[PDB]
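What follows is the content of upload14.csv, which has CSV, C-alpha atoms and all ligand atoms:
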```
chain,number,residue,atom,x,y,z
A,88,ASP,CA,-40.5,-70.2,83.5
A,89,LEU,CA,-41.6,-68.2,80.5
A,90,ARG,CA,-45.2,-66.9,80.5
A,91,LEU,CA,-47.7,-67.2,77.6
A,92,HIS,CA,-49.0,-64.1,75.7
A,93,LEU,CA,-51.5,-64.7,72.9
A,94,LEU,CA,-51.2,-62.2,70.0
A,95,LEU,CA,-53.4,-59.1,70.4
A,96,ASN,CA,-53.8,-59.1,66.6
A,97,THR,CA,-56.2,-62.1,66.4
A,98,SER,CA,-56.0,-62.2,62.6
A,99,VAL,CA,-52.5,-63.8,63.0
A,100,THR,CA,-53.5,-67.4,63.7
A,101,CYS,CA,-52.3,-71.0,64.0
A,102,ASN,CA,-53.5,-73.6,61.5
A,103,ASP,CA,-57.0,-73.9,62.9
A,104,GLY,CA,-57.7,-70.2,63.3
A,105,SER,CA,-56.9,-70.0,67.0
A,106,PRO,CA,-54.5,-67.1,68.0
A,107,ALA,CA,-50.8,-67.6,67.7
A,108,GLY,CA,-48.6,-66.4,70.6
A,109,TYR,CA,-45.2,-66.4,72.4
A,110,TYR,CA,-43.8,-67.2,75.8
A,111,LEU,CA,-41.7,-64.5,77.5
A,112,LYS,CA,-39.3,-64.0,80.4
A,113,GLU,CA,-38.0,-60.5,80.7
A,114,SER,CA,-34.6,-59.5,82.1
A,115,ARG,CA,-34.8,-55.8,83.0
A,116,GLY,CA,-31.0,-55.4,83.2
A,117,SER,CA,-30.3,-56.6,79.7
A,118,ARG,CA,-30.4,-55.3,76.1
A,119,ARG,CA,-30.0,-58.7,74.5
A,120,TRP,CA,-33.1,-60.5,73.2
A,121,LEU,CA,-33.3,-64.2,72.2
A,122,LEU,CA,-36.3,-65.3,70.0
A,123,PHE,CA,-36.4,-69.0,69.5
A,124,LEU,CA,-38.4,-70.8,66.8
A,125,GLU,CA,-39.8,-74.3,67.7
A,126,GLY,CA,-39.6,-77.1,65.1
A,127,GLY,CA,-41.6,-80.2,64.2
A,128,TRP,CA,-41.8,-81.2,60.5
A,129,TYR,CA,-44.6,-79.8,58.4
A,130,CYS,CA,-47.7,-80.8,56.3
A,131,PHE,CA,-48.3,-80.1,52.7
A,132,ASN,CA,-51.8,-81.1,51.6
A,133,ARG,CA,-55.3,-81.5,53.0
A,134,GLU,CA,-55.0,-85.2,53.8
A,135,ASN,CA,-51.7,-85.1,55.6
A,136,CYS,CA,-52.6,-81.9,57.5
A,137,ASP,CA,-55.8,-83.6,58.7
A,138,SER,CA,-53.7,-86.5,60.0
A,139,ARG,CA,-51.4,-84.1,61.8
A,140,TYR,CA,-54.4,-82.4,63.4
A,141,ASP,CA,-55.6,-85.6,65.0
A,142,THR,CA,-52.3,-86.6,66.8
A,143,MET,CA,-50.1,-83.5,66.7
A,144,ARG,CA,-52.7,-80.8,67.5
A,145,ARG,CA,-50.5,-78.6,69.7
A,146,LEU,CA,-48.4,-78.0,66.5
A,147,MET,CA,-51.6,-76.7,64.8
A,148,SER,CA,-53.6,-74.9,67.5
A,149,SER,CA,-53.2,-72.8,70.7
A,150,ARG,CA,-56.4,-74.2,72.3
A,151,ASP,CA,-54.5,-76.6,74.6
A,152,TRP,CA,-51.3,-74.6,75.3
A,153,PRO,CA,-50.1,-74.3,78.9
A,154,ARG,CA,-49.7,-70.9,80.4
A,155,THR,CA,-46.0,-71.4,81.3
A,156,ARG,CA,-43.0,-73.2,79.9
A,157,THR,CA,-39.6,-73.9,81.5
A,158,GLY,CA,-36.6,-72.3,79.8
A,159,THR,CA,-34.0,-75.0,79.0
A,160,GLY,CA,-30.5,-74.9,77.4
A,161,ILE,CA,-29.9,-71.5,75.7
A,162,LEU,CA,-33.3,-70.4,77.1
A,163,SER,CA,-32.2,-71.1,80.7
A,164,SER,CA,-31.5,-68.2,83.0
A,165,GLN,CA,-29.1,-70.1,85.2
A,166,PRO,CA,-25.4,-69.5,84.3
A,167,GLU,CA,-24.5,-73.2,85.1
A,168,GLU,CA,-26.9,-74.4,82.4
A,169,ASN,CA,-26.4,-71.5,80.0
A,170,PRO,CA,-22.9,-69.9,80.1
A,171,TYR,CA,-23.6,-68.0,76.9
A,172,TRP,CA,-26.7,-65.7,77.3
A,173,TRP,CA,-28.1,-66.5,80.8
A,174,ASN,CA,-29.0,-62.9,81.6
A,175,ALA,CA,-30.9,-62.3,78.3
A,176,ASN,CA,-34.6,-61.5,77.7
A,177,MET,CA,-36.0,-65.0,76.6
A,178,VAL,CA,-38.7,-65.7,74.0
A,179,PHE,CA,-40.1,-69.1,72.9
A,180,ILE,CA,-42.3,-68.9,69.8
A,181,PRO,CA,-44.4,-72.1,69.4
A,182,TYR,CA,-44.6,-73.6,65.9
A,183,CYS,CA,-48.3,-73.9,65.1
A,184,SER,CA,-48.3,-73.2,61.3
A,185,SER,CA,-46.9,-76.4,59.9
A,186,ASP,CA,-45.1,-74.4,57.1
A,187,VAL,CA,-41.4,-74.3,58.0
A,188,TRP,CA,-42.2,-70.7,59.2
A,189,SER,CA,-42.7,-69.6,55.5
A,190,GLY,CA,-46.5,-69.1,55.1
A,191,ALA,CA,-48.6,-66.1,54.5
A,192,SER,CA,-52.1,-67.3,53.9
A,193,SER,CA,-55.3,-67.0,56.0
A,194,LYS,CA,-58.0,-69.5,56.6
A,195,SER,CA,-60.9,-68.7,54.4
A,196,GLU,CA,-63.8,-70.1,52.4
A,197,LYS,CA,-61.3,-71.7,50.0
A,198,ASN,CA,-58.6,-72.6,52.7
A,199,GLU,CA,-59.3,-75.2,55.4
A,200,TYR,CA,-56.1,-74.2,57.3
A,201,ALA,CA,-54.2,-71.0,57.8
A,202,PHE,CA,-50.4,-71.0,57.1
A,203,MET,CA,-49.1,-67.8,58.7
A,204,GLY,CA,-45.5,-68.6,60.0
A,205,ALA,CA,-43.8,-65.7,58.3
A,206,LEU,CA,-46.5,-63.3,59.6
A,207,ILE,CA,-46.4,-64.8,63.1
A,208,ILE,CA,-42.7,-63.9,63.4
A,209,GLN,CA,-43.3,-60.3,62.2
A,210,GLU,CA,-46.2,-59.8,64.6
A,211,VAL,CA,-44.3,-61.2,67.6
A,212,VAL,CA,-41.5,-58.7,66.9
A,213,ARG,CA,-44.0,-55.8,66.6
A,214,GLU,CA,-45.7,-56.6,69.9
A,215,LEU,CA,-42.5,-57.1,71.7
A,216,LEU,CA,-41.2,-53.6,70.8
A,217,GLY,CA,-43.8,-52.3,73.3
A,218,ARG,CA,-42.6,-54.6,76.0
A,219,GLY,CA,-38.9,-53.5,76.0
A,220,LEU,CA,-37.5,-54.7,72.6
A,221,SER,CA,-37.4,-51.0,71.5
A,222,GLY,CA,-34.3,-50.7,73.8
A,223,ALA,CA,-32.4,-53.7,72.5
A,224,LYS,CA,-28.8,-53.8,71.2
A,225,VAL,CA,-28.9,-57.4,69.8
A,226,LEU,CA,-31.8,-59.5,68.6
A,227,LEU,CA,-30.8,-63.1,68.0
A,228,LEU,CA,-33.4,-65.1,66.0
A,229,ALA,CA,-32.6,-68.8,66.8
A,230,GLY,CA,-34.4,-72.1,66.0
A,231,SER,CA,-34.1,-75.9,65.9
A,232,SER,CA,-35.1,-78.3,63.1
A,233,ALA,CA,-37.9,-76.7,61.0
A,234,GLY,CA,-37.2,-73.7,63.3
A,235,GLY,CA,-33.6,-73.6,62.2
A,236,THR,CA,-34.7,-73.5,58.5
A,237,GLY,CA,-37.1,-70.8,59.6
A,238,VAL,CA,-34.2,-68.7,60.8
A,239,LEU,CA,-32.6,-68.9,57.4
A,240,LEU,CA,-35.9,-67.9,55.7
A,241,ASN,CA,-36.8,-65.0,58.0
A,242,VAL,CA,-33.7,-63.4,59.6
A,243,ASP,CA,-33.2,-60.7,56.9
A,244,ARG,CA,-36.9,-59.9,56.9
A,245,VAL,CA,-36.8,-59.2,60.6
A,246,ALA,CA,-33.8,-56.9,60.0
A,247,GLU,CA,-35.7,-55.1,57.2
A,248,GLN,CA,-38.8,-54.8,59.4
A,249,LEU,CA,-36.9,-53.1,62.2
A,250,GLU,CA,-35.1,-50.7,59.8
A,251,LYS,CA,-38.4,-49.6,58.3
A,252,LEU,CA,-39.9,-49.1,61.7
A,253,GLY,CA,-37.1,-46.7,62.7
A,254,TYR,CA,-34.8,-48.9,64.8
A,255,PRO,CA,-31.6,-49.1,62.7
A,256,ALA,CA,-29.4,-49.7,65.7
A,257,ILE,CA,-30.8,-53.1,66.8
A,258,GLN,CA,-28.3,-55.6,65.4
A,259,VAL,CA,-30.3,-58.7,64.0
A,260,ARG,CA,-28.4,-62.0,63.9
A,261,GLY,CA,-29.4,-65.6,63.3
A,262,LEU,CA,-28.6,-69.0,64.9
A,263,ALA,CA,-29.8,-72.0,62.8
A,264,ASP,CA,-29.7,-75.4,64.7
A,265,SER,CA,-30.3,-78.6,62.8
A,266,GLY,CA,-31.9,-76.8,59.8
A,267,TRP,CA,-29.1,-77.2,57.2
A,268,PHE,CA,-30.2,-80.0,54.8
A,269,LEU,CA,-29.0,-81.5,51.6
A,270,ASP,CA,-31.2,-82.3,48.5
A,271,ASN,CA,-29.1,-85.4,47.9
A,272,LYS,CA,-29.8,-88.9,46.4
A,273,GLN,CA,-31.6,-91.2,48.8
A,274,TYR,CA,-30.0,-94.5,49.9
A,275,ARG,CA,-33.2,-96.3,48.7
A,287,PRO,CA,-39.0,-83.8,49.9
A,288,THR,CA,-37.9,-81.5,47.2
A,289,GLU,CA,-41.3,-82.4,45.8
A,290,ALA,CA,-43.1,-82.1,49.2
A,291,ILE,CA,-41.5,-78.6,49.7
A,292,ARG,CA,-42.5,-77.6,46.2
A,293,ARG,CA,-46.1,-78.6,46.8
A,294,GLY,CA,-46.1,-77.1,50.3
A,295,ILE,CA,-45.0,-73.7,49.0
A,296,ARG,CA,-48.0,-73.5,46.7
A,297,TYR,CA,-50.3,-74.8,49.5
A,298,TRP,CA,-49.0,-72.3,52.1
A,299,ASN,CA,-48.4,-69.3,49.9
A,300,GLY,CA,-44.9,-69.6,51.1
A,301,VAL,CA,-42.4,-66.8,50.9
A,302,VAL,CA,-38.6,-66.9,50.8
A,303,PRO,CA,-35.9,-64.2,51.1
A,304,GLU,CA,-35.9,-61.7,48.2
A,305,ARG,CA,-32.4,-62.1,46.9
A,306,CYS,CA,-32.7,-65.9,46.8
A,307,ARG,CA,-36.1,-65.6,45.2
A,308,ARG,CA,-34.6,-63.4,42.5
A,309,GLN,CA,-31.9,-65.9,41.7
A,310,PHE,CA,-34.0,-69.0,41.4
A,311,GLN,CA,-37.3,-67.3,40.2
A,312,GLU,CA,-40.9,-68.5,39.9
A,313,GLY,CA,-41.5,-72.2,40.4
A,314,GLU,CA,-38.0,-72.8,41.8
A,315,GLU,CA,-38.4,-71.1,45.2
A,316,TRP,CA,-38.1,-74.6,46.9
A,317,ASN,CA,-34.3,-74.2,46.4
A,318,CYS,CA,-34.2,-71.5,49.1
A,319,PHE,CA,-35.3,-74.0,51.8
A,320,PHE,CA,-31.8,-75.6,51.5
A,321,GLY,CA,-29.1,-73.9,53.6
A,322,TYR,CA,-26.2,-74.1,51.3
A,323,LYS,CA,-28.3,-72.4,48.6
A,324,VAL,CA,-30.0,-69.7,50.7
A,325,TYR,CA,-27.1,-68.8,53.1
A,326,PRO,CA,-24.9,-67.0,50.5
A,327,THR,CA,-27.8,-64.6,49.7
A,328,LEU,CA,-28.2,-63.4,53.3
A,329,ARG,CA,-26.9,-60.2,54.8
A,330,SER,CA,-27.4,-60.7,58.5
A,331,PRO,CA,-24.7,-62.7,60.4
A,332,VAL,CA,-25.8,-66.3,60.8
A,333,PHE,CA,-24.2,-69.0,63.0
A,334,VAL,CA,-24.9,-72.6,61.7
A,335,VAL,CA,-25.1,-75.6,64.1
A,336,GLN,CA,-25.4,-78.9,62.2
A,337,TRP,CA,-24.6,-82.5,63.2
A,338,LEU,CA,-22.7,-84.1,60.3
A,339,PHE,CA,-25.0,-87.2,60.5
A,340,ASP,CA,-28.3,-85.6,61.2
A,341,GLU,CA,-31.1,-88.0,62.1
A,342,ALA,CA,-33.8,-86.1,60.1
A,343,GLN,CA,-31.5,-86.1,57.1
A,344,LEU,CA,-30.9,-89.8,57.4
A,345,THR,CA,-34.7,-90.5,57.9
A,346,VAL,CA,-35.5,-88.7,54.6
A,347,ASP,CA,-32.7,-90.5,52.9
A,348,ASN,CA,-34.3,-93.8,53.9
A,349,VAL,CA,-31.4,-94.9,56.1
A,350,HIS,CA,-32.1,-96.9,59.3
A,355,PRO,CA,-23.7,-104.6,60.9
A,356,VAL,CA,-23.2,-102.0,58.2
A,357,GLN,CA,-22.1,-103.3,54.8
A,358,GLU,CA,-20.0,-101.6,52.2
A,359,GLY,CA,-22.7,-99.8,50.2
A,360,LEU,CA,-24.2,-98.1,53.3
A,361,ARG,CA,-20.8,-97.4,54.7
A,362,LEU,CA,-19.8,-95.4,51.6
A,363,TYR,CA,-23.2,-93.7,51.6
A,364,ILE,CA,-22.8,-92.5,55.2
A,365,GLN,CA,-19.2,-91.4,54.7
A,366,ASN,CA,-20.1,-89.5,51.6
A,367,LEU,CA,-23.0,-87.7,53.4
A,368,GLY,CA,-20.6,-86.5,56.1
A,369,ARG,CA,-18.0,-85.4,53.5
A,370,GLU,CA,-20.7,-83.4,51.5
A,371,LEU,CA,-22.0,-81.7,54.6
A,372,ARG,CA,-18.5,-80.7,55.6
A,373,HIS,CA,-17.9,-79.3,52.1
A,374,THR,CA,-21.0,-77.0,52.2
A,375,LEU,CA,-19.7,-75.5,55.5
A,376,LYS,CA,-16.1,-74.9,54.3
A,377,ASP,CA,-16.8,-71.1,53.7
A,378,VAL,CA,-19.2,-70.5,56.6
A,379,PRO,CA,-17.1,-68.6,59.1
A,380,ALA,CA,-19.5,-69.1,62.1
A,381,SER,CA,-20.4,-72.8,62.4
A,382,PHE,CA,-20.4,-75.8,64.8
A,383,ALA,CA,-20.6,-79.3,63.2
A,384,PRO,CA,-19.7,-82.4,65.2
A,385,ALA,CA,-19.4,-85.9,63.8
A,386,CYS,CA,-22.5,-87.3,65.7
A,387,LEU,CA,-25.7,-89.1,64.8
A,388,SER,CA,-28.3,-86.8,66.6
A,389,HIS,CA,-30.9,-84.1,66.0
A,390,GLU,CA,-31.2,-80.6,67.6
A,391,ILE,CA,-29.1,-79.3,70.5
A,392,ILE,CA,-29.6,-75.7,71.6
A,393,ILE,CA,-32.5,-76.0,74.0
A,394,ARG,CA,-31.3,-79.4,75.4
A,395,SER,CA,-30.3,-79.1,79.1
A,396,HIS,CA,-27.0,-80.9,78.4
A,397,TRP,CA,-26.1,-78.7,75.4
A,398,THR,CA,-22.9,-77.7,77.2
A,399,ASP,CA,-21.3,-81.2,76.9
A,400,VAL,CA,-20.4,-81.5,73.3
A,401,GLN,CA,-17.1,-80.2,72.0
A,402,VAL,CA,-15.3,-79.8,68.6
A,403,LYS,CA,-11.5,-79.5,68.7
A,404,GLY,CA,-11.8,-79.0,72.5
A,405,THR,CA,-14.3,-76.0,72.3
A,406,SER,CA,-17.9,-76.2,73.5
A,407,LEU,CA,-20.9,-74.8,71.8
A,408,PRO,CA,-21.6,-72.0,74.4
A,409,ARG,CA,-17.9,-71.0,74.1
A,410,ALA,CA,-18.1,-70.9,70.3
A,411,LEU,CA,-21.2,-68.6,70.5
A,412,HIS,CA,-19.4,-66.3,73.0
A,413,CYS,CA,-16.4,-66.1,70.6
A,414,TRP,CA,-18.9,-65.2,67.8
A,415,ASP,CA,-20.2,-62.4,70.0
A,416,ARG,CA,-16.6,-61.1,70.4
A,417,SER,CA,-15.9,-61.3,66.7
A,418,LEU,CA,-18.9,-59.1,66.0
A,419,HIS,CA,-17.5,-56.2,68.0
A,428,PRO,CA,-9.3,-63.9,64.3
A,429,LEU,CA,-9.2,-64.3,68.1
A,430,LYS,CA,-6.5,-66.1,70.1
A,431,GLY,CA,-7.9,-69.3,71.5
A,432,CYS,CA,-11.5,-68.3,70.8
A,433,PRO,CA,-12.6,-70.0,67.6
A,434,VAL,CA,-15.8,-69.5,65.7
A,435,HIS,CA,-15.5,-72.1,62.8
A,436,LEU,CA,-15.5,-75.6,64.3
A,437,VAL,CA,-16.2,-78.5,61.9
A,438,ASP,CA,-15.2,-82.1,62.6
A,439,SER,CA,-13.0,-83.9,60.1
A,440,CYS,CA,-13.4,-87.5,61.3
A,441,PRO,CA,-15.6,-89.5,58.9
A,442,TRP,CA,-18.0,-91.8,61.0
A,443,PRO,CA,-20.8,-91.1,63.5
A,444,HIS,CA,-19.4,-90.8,67.1
A,445,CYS,CA,-15.8,-90.6,66.1
A,446,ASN,CA,-16.1,-87.5,68.4
A,447,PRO,CA,-16.0,-88.8,72.0
A,448,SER,CA,-18.3,-85.9,73.3
A,449,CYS,CA,-21.3,-86.9,71.1
A,450,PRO,CA,-24.7,-87.2,72.8
A,451,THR,CA,-25.1,-90.7,74.2
B,501,LIG,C1,-36.3,-78.0,54.3
B,501,LIG,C2,-35.6,-79.3,53.8
B,501,LIG,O1,-36.0,-80.3,54.7
B,501,LIG,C3,-35.3,-81.6,54.5
B,501,LIG,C4,-34.9,-82.3,55.6
B,501,LIG,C5,-34.3,-83.5,55.5
B,501,LIG,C6,-34.0,-84.0,54.2
B,501,LIG,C7,-34.4,-83.3,53.1
B,501,LIG,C8,-34.1,-83.9,51.9
B,501,LIG,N1,-33.4,-85.0,51.7
B,501,LIG,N2,-33.2,-85.5,50.4
B,501,LIG,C9,-33.8,-84.8,49.5
B,501,LIG,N3,-33.8,-85.1,48.0
B,501,LIG,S1,-34.6,-83.5,50.3
B,501,LIG,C10,-35.1,-82.1,53.2
B,502,LIG,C1,-52.9,-57.8,61.9
B,502,LIG,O1,-52.2,-58.9,61.1
B,502,LIG,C2,-52.6,-58.8,59.7
B,502,LIG,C3,-51.9,-60.1,59.1
B,502,LIG,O2,-50.5,-59.9,58.9
B,502,LIG,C4,-52.1,-57.5,59.1
B,502,LIG,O3,-52.5,-57.5,57.7
B,502,LIG,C5,-52.8,-56.4,59.8
B,502,LIG,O4,-52.2,-55.1,59.3
B,502,LIG,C6,-52.5,-56.5,61.3
B,502,LIG,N1,-53.2,-55.4,62.0
B,502,LIG,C7,-52.7,-54.6,63.0
B,502,LIG,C8,-53.5,-53.6,63.6
B,502,LIG,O5,-51.5,-54.8,63.3
```
Transcribe the structure of this file into structure tokens.
Ligand SMILES: CCOc1cccc(-c2nnc(N)s2)c1
Ligand SMILES: *[C@@H]1O[C@H](CO)[C@@H](O)[C@H](O)[C@H]1NC(C)=O
Amino acid sequence: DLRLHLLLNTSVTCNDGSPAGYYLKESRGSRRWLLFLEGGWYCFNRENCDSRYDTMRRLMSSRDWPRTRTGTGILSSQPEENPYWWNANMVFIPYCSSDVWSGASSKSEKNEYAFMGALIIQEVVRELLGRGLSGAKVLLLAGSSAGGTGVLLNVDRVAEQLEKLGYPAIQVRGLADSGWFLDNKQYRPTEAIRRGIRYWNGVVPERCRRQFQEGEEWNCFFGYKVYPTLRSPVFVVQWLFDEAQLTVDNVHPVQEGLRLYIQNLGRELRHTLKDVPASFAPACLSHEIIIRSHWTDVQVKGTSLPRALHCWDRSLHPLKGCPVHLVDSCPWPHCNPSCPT
């Protein structure tokens, strides 16, 4: 169980002005820290944010949050559930900003909602330094779905923040799960992200912003475009046939047209990962994995995800029998026998 702490700086808020926060389980004998970003889509104007507030309110407010949460998957402390980092200090950061963790805008007389995702991450890091993070050797910023995209948008800013605060020896790294999307042709959101950035006062990494420039910052929400601009090591986990990708593409006895569409999506995803040295991409139809209790079950080329992450750790000190780049080559969902049922 991880215990809730609401942020002492009450100007850093969820969508409705209530305080943001984090859940924490400390491990006194460890210098590794795992900060996980929750996912859950986003909203991009007054009307669809109002709808979200009616029936997805825990993603917009802390008023009804429970005081504890059970750590699962990579946030579990049991070695049998989490062979990778079971003895680490564990942090779960709830997603209550509806902005893919990019926003920097307060609620005010002209803004019905606050969008403070980028500032929530910075404030969590600041307040954790007084609770033991000042002694860390590695800070892994991880996340799933919108939280995986949030890793890509924020990992280098966390590294810069710790450098400027006088902690140049903490190694900052990223783990992006199910946040690597393609701005492809639909079978039957670039615009929704463009509108969202203006609504949220969204911020993107500096080098990516300089490449694409004003009005085109939406490009930096797409992994294959923002990843080459990053300096921190990032490990990319992505199902080749991601369900959120297919939903946006308007895909739901498969005939030739849809067969070719689905095979081309897998091929394109594989192509964007060809030069990503730390990656895990199985040929499955699914969505998210790293905080699932059965995350230990899937394998690519005989290597599990916890093993690949451990091999990544060793590489940051090629390794015999300890691979870090694992991408399936077979071209149809569930051609990998270990896919989630
Ligand atoms: C942060 C990006 O989020 C997503 C997620 C899933 C799909 C898409 C898109 N698909 N087709 C497009 N033209 S954009 C974007
Ligand atoms: C509180 O958070 C706001 C928003 O990021 C920031 O401008 C301010 O400096 C913070 N105050 C303190 C005391 O940390």
Find the residues near ligand LIG 502 (chain B). Use a cut-off of 10 Å, count all atoms listed in the file, and write them as a list in words.
-> residues 94, 95, 96, 97, 98, 99, 100, 191, 192, 193, 203, 205, 206, 207, 208, 209, 210, 213 and 214 of chain A
Any residue with an atom at most 6 Å from ligand LIG 501 (chain B) counts, using all atoms listed in the file. Which are they? Put them as a PyMOL selection string.
chain A and resi 268-272+287-288+319-320+342-343+346-347
In Å and to one decimal, atom CA of residue 181 of chain A is distant from atom CA of residue 222 of chain A by 24.1 Å
Between A:433, A:394, A:386, A:417, smallest distance to residue 447 of chain A by all atoms listed in the file belongs to A:386
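In this model, the gap between atom CA of residue 254 of chain A and atom CA of residue 112 of chain A comes to 22.2 Å.
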Set the distance at 9 Å and use all atoms listed in the file: which residues neighbour residue 225 of chain A once local chain neighbours fewer than 4 positions away are removed? I'd like the list as a VMD selection string.
chain A and resid 118 to 121 256 to 260
As a check of understanding: the span from atom CA of residue 103 of chain A to atom CA of residue 202 of chain A is 9.3 Å
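Take the candidates A:185, A:381, A:195, A:169 and check each one against residue 264 of chain A using all atoms listed in the file; the shortest distance goes to A:381.
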- Got a sec: who's within 9 Å of residue 235 of chain A, counting all atoms listed in the file, leaving out chain neighbours fewer than 2 positions off, as a PyMOL selection string? chain A and resi 124-126+187+229-233+237-240+262-267+334-335
Just C-alpha atoms for this one: save the residues we selected as a short mmCIF file (atom, residue, chain, number, x, y, z; two decimals), in the coordinates of the input.
```
data_model
loop_
_atom_site.label_atom_id
_atom_site.label_comp_id
_atom_site.auth_asym_id
_atom_site.auth_seq_id
_atom_site.Cartn_x
_atom_site.Cartn_y
_atom_site.Cartn_z
CA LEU A 124 -38.40 -70.80 66.80
CA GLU A 125 -39.80 -74.30 67.70
CA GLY A 126 -39.60 -77.10 65.10
CA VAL A 187 -41.40 -74.30 58.00
CA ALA A 229 -32.60 -68.80 66.80
CA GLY A 230 -34.40 -72.10 66.00
CA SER A 231 -34.10 -75.90 65.90
CA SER A 232 -35.10 -78.30 63.10
CA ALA A 233 -37.90 -76.70 61.00
CA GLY A 237 -37.10 -70.80 59.60
CA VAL A 238 -34.20 -68.70 60.80
CA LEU A 239 -32.60 -68.90 57.40
CA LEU A 240 -35.90 -67.90 55.70
CA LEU A 262 -28.60 -69.00 64.90
CA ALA A 263 -29.80 -72.00 62.80
CA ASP A 264 -29.70 -75.40 64.70
CA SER A 265 -30.30 -78.60 62.80
CA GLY A 266 -31.90 -76.80 59.80
CA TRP A 267 -29.10 -77.20 57.20
CA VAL A 334 -24.90 -72.60 61.70
CA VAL A 335 -25.10 -75.60 64.10
#
```
Any chance you could work out the axis-aligned box around segment 320-333 of chain A, listed atoms only, 8 Å on each side, giving centre and edge lengths in Å to one decimal, as AutoDock Vina command-line options?
```
--center_x -28.0 --center_y -67.9 --center_z 55.8 --size_x 23.6 --size_y 31.4 --size_z 30.4
```
